[PDB]
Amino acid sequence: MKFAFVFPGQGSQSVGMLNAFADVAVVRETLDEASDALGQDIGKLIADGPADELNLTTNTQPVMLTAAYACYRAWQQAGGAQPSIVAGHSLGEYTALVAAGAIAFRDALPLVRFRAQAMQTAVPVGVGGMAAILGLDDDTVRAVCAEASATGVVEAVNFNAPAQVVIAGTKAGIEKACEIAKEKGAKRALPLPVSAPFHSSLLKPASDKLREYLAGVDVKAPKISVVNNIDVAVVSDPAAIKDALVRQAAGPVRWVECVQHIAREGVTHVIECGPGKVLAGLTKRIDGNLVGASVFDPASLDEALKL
């Protein structure tokens, strides 16, 4: 049977999340490689935090790439087969590209640090943010945003599961969209503790910086199919992969569609590779015939080896 690996992004991290892998030689070597690339002790940052350091986005993005990739390398060290198709959620798309051999891990490290810096400084402080809307289908959330937009730009920017949508834009747009969403019967419509309007058109300046940065990155044709967040496309051309990463930052993460794409390829097993269990839960919601597992410690890895 064919399987997919999906890789998590920001928001899946926690202090101590790799403790259970502390004595797996490849996890140690991956944390060493990350520290060498970034100039700080990534192992201890993850193990000890504090959470306020671990949650700075300039740390969170390389931390989540490292932790999830560590988990991929442990899967291999254990003799796990290559998945037939991969994807990842926002930052996680980078990890997927690394697993697929498109971007060397050593290159991916300063790339995602830079991406974090770019995305955090694209718009002036306090201009915008993000919110989570629960209970409304995608087209209703789009209608909510189109209506709210008279008060400021606001867009539906993460399609995560049925009835689970994140929006992003101006502070005013986000507030009005929550209010409208509630009126239309949303189970929940609440601002997220995020300081920048990620995956909105307001983030175009981040895309522009990413384009300049990726110009100098050696991207290779993947050895595993990667389905991208922005277009739900599987592309092999290095230039196209780069462009999908550029547009990704200021465009919608079509996560539901990526999972459905994977399913239409005849994959029935979808394994979340990395900590936090976020993607595991979304797979269940997107398509209950899919069979989930997760690799985040040695025990879960062995159960995933079975599936």
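Sequential numbering from 1, following the sequence displayed.
Two stretches are in play, 18-26 and 291-299, and the higher mean C-alpha B-factor belongs to 291-299. Mean CA temperature factor is higher for 183-191 when stretches 183-191 and 93-101 are set side by side in the entry. As recorded in the entry, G266 carries the highest CA temperature factor of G266, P238, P62, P252.
In this entry, the residue among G80, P205, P110, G88 with the greatest C-alpha B factor is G80. Remark: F7 belongs to the lowest third of its chain, ranked by C-alpha B-factor as recorded. In this PDB entry, the Cα temperature factor of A233 sits in the bottom third of its chain's modelled residues, the lowest group. In this PDB entry, the Cα temperature factor of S200 sits in the bottom third of its chain's modelled residues, the lowest group. Sorting the modelled residues of the chain by their CA temperature factor places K242 in the lowest third. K220 sits in the middle third of its chain by CA B factor, as recorded in the PDB entry.
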